[PDB]
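Take a look at the structure tokens below, where one protein chain is shown in two forms, each on its own, as structure 1 and structure 2.
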Structure 1
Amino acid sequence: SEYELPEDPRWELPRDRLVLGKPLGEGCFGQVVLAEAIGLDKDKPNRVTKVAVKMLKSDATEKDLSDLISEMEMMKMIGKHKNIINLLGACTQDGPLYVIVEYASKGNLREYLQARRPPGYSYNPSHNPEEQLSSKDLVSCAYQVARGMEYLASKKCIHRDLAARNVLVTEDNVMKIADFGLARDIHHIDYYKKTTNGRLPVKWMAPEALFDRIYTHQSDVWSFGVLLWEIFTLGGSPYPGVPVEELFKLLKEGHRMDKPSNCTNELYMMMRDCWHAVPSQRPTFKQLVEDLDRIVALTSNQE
């Protein structure tokens, strides 16, 4: 009420049409709760949709608020795509700011993959394992992420933290890139500081991002290579046993993670190409999409 929150009639949802439910997850993407929205779709005003609702914490500063507004406005400018988390609406009047986005019921991609490990990869940590993925399913996962990044890059959006923990999976097994709308911090950052889930984002950074804080579409392609490695280890942890100060050394001297046990030579070579030392020599997302499209069609669904 103290601030001028922007009301956009095309996106604004009355507060009374949002039935809030349980908090979602452990807060990696903010204070997010599950909800049911009534009549999100103006042609179907009596139908309910499950949605995720982002809000600010109790300790939120004016900086946290401006960031959430900016994230909302950035999602509008980027537009809709099947393979990103899409904006569905917002509540800016008669209460705290709510930003309403698509709900992904199967967790992030790392958790999705780990729960589908065969009991025979590292162990399956889920107490209720889910059915194993085919080789085609895994390549299709990579294809969908590539398609989401190709769309984001076409809108001049650089993700800067592309990783399996930032891909969410819907009930229909659609991959959606998350947390792309975020303004870049104006301060320098700590290379050793984990997120709230304890991830160590330096292991997804291209060397030019590591050493000189240069982020481009080409550095997202490097991260995509790390994500491909995460997919074919079914949620593995990159650079196992390598401390940060080692990692800096190792990348400079030109080594790269070893191929996952269950990964074709062709997909490993795509990983290695994404990890070209020279940014200009990496594939583009346009090329990756085309190549993964072809690989999906040729990859067996039988094992």
Structure 2
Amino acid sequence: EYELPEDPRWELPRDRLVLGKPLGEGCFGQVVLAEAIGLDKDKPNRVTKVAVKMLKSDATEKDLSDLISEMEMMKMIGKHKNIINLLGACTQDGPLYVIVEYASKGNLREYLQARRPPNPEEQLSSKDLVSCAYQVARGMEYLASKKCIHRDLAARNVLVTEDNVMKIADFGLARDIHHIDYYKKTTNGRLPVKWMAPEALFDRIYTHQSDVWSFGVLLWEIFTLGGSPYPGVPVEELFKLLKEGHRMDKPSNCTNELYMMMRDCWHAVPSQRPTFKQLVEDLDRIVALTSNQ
């Protein structure tokens, strides 16, 4: 069924997309790099590198509605500098193509890891790392204001552009039924359950406050330069640690102020955690006062 309603403000003719090859290492080949010709109505002789999400070969009738929902969700949420933005779509005369912004330097976890000290790439200053935190906070603040709750806020779901702009991804998905499946690992072999707030983990309660918990874990990821939370800790033992009120240790190069921020994000009482608005304001002040040397 490739008869879909057309929204002309977002529509791009298929012969304006030059489809490249799958992004990342290449497992999720449903999303590919591509070149859009004349994406903007102003001078259509300009090419723009973009990312294109399409349906797999064995697409179910609901995987279709899944992608469509994600697309409509992004339309409603609107645009921000620090999220992966919708750019257009191909809905008529062929398979559904959803066109979004492209991130050349990969996810934040990869980005950070590839810039650790020992052909090096780059070394991030202290101001750089706090700046990363600020950008993600600013993105999450916008998403929160649009009543959007992220399902898995983590470094893996933050993407980095050519200009080193942090962009939040996968914020337009739906709460998968119930069965979250706590033992399922990511492609890098980590347990996403270690980013989950306790109330979301034990009572299945998801609020903006649970995202702040996740941002805390993300902050820890940033200042450990892509470090893995709770190495060697299975799901069962994580639960025990959480019930006992255990918290991750302070990263080595991390200032006490920033570690306090993490701990505040990890408050046992959800109402006592800071808001993303607070976090943006604080991180703004810290960047200004953080050394570039």
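Quick note, the numbers are simply positions in structure 1, starting from 1. Just so we're on the same page, rigid core means the largest C-alpha set that superposes within 1.5 Å between forms.
In the overlay on the core between structures 1 and 2, a shift of 2 Å or more in CA position is seen for a single residue of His81, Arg199, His217, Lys203, which is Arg199. Once both forms are overlaid on the rigid core, the distance between the two CA positions of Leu65 between structures 1 and 2 is under 2 angstroms.
Annotation for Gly27: C-alpha shift of 2 angstroms or more between structures 1 and 2, rigid core superposed. The rigid core superposition between structures 1 and 2 gives a CA shift for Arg47 of 0.4 Å.
Here the two forms are laid over each other by their core, and the C-alpha of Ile189 is off by 2.0 Å between structures 1 and 2. Here the two forms are laid over each other by their core, and the C-alpha of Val242 is off by 1.6 Å between structures 1 and 2.
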